[PDB]
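Shown next are two forms of a single protein chain, provided one at a time as structure tokens under the names structure 1 and structure 2.
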Structure 1
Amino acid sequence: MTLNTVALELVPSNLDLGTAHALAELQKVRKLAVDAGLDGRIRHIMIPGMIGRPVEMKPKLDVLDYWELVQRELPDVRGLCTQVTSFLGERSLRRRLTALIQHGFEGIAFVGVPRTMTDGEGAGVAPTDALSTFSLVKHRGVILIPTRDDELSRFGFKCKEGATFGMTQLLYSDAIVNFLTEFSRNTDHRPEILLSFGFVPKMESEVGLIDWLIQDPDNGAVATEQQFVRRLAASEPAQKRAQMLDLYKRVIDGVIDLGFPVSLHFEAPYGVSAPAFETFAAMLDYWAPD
């Protein structure tokens, strides 16, 4: 009833390319994992669903079919996914969630609305409502942004409504430690937490995708994190990873005794690579779950 896993985010490939290309790239990802030692250490693949971005984003294969392909080249892995609920009518959301569960997904993270909208503002099913209505989904997740306004009220409402895990935004500070200490004090809510850590490549200083992914205009806690990302991208490989490891240790040490099931979520926003997987592997060598 807990996952207690390491999850690697694997984005579906472009529709342009066809199923034969996606499979070949998956065979390459497996070789990358084995060259770094990650094969048995990654229990789940997390496949994000679709939704002014410095990288284009083109039409992708449906999460359902990319899972079919992932299963072929990674025959032991299990699967999680992300689904936006706020823009699908209730009956259509039911069909979509049923398919994902039918196709063997162990857990689904329900996602709400972007920065331009307020809570409840989609014309479809709000994630808070979805957690109640589809209580169908054994492992119902949710996004957790430790730095975001009113998140203690928001995350708690979702736990009340039935969220069983929370998947964090990319963590480039120790704010999550502050959040769950307060959260475990104010509430009896103890959901499994998927701490997300993302490899920052050199080109981030040129392109700024991770800057764009984590932005929050007048926050300052995020600006602290934004300064961290720029520091990482300006760092040569060894100094960068030790910087990341220093954060990882600080986060793991300050969370693991707080009473929440702790899982991991590893992603590479510019795509998987040996430098990312070597960085991931250094992390698990400090702490990994089971």
Structure 2
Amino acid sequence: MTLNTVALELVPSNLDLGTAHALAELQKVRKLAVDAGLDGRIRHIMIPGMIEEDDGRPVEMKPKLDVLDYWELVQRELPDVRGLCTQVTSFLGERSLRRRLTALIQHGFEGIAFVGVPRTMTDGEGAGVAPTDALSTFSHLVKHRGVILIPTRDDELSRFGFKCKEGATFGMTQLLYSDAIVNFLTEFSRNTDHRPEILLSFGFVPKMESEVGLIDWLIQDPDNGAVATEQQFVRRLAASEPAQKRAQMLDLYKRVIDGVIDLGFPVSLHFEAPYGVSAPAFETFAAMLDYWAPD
């Protein structure tokens, strides 16, 4: 009834590569995992769903394979793993979303995180499905229904509480670059009886971040202040040398693990490499798993 998993995020490959290079890159994924000791320690692959829109990102953003096309390639080169997915619901509508969700579960996906985009209905006439509505409407299709949890966001106790009452099974956190999730989950456990599974997301920060600034842009929240502290932590990680960068990352991981695992929520792990899978990212994931892994 709970995932109790370690999930590695794999963004679908670009549409232009074609299969011969798509599977070649997934074979590098496997060798880098074996080389780092992750083999057999990662149970799920999290495949995020696309935004077609360019959206302001520092990186370039080309068209990607659909979640289902990439998942078939993942199963051939990564035969141990199970499937988790991200699905945007705000642009579809009930009957179309039912067909899409049915196909995802039909093709072997074990859990789906419902993701909403703010959208304007003064115009944009034509209703989509709010992710909180899909949580209850499609509970008979999706057993593991997830939402995005941003602990630094200021109404998040009301927001995440409303999502769990509406039927959310697990919460997948934004990239965690501070221990804010500790105080959030403690207050959430004191104000509610909701005990959803928490997918703690940790993102590897390479030296490139000094120049591109991708992770700084992903976690941005104007005039928050707790996010500002996280943006400073990302910057010092990028400017740090590998030994100190790993130590800083793992101290953050250890504090999050220590302050969360006894609060009553089931805990799972979600590993991201926003710039791309690399051996230094996989060894950081292995170091964190050595301190604590769910089982």
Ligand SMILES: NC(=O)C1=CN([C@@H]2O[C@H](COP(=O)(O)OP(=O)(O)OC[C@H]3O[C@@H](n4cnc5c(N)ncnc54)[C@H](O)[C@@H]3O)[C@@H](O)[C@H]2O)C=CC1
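Shifts are known only where both forms have a C-alpha. Rigid core here is just the name for the largest C-alpha set that superposes within 1.5 Å across the two forms. Residues are numbered by position in structure 1's sequence, first residue being 1.
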- Query: For this pair of chain forms, which number matches the form deposited without this ligand?
  - Reply: 2
- Query: Tell me, which of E121, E151, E106, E182 is the one whose C-alpha shifts by at least 2 Å between the two structures, with the rigid core superposed?
  - Reply: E121
- For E90, what C-alpha shift in Å is seen between the two structures once the core is overlaid? 1.1
- Query: What stretches, three or more residues long, have all their C-alphas moved by 2 Å or more between the two structures when the rigid core is held in place?
  - Reply: 114-123
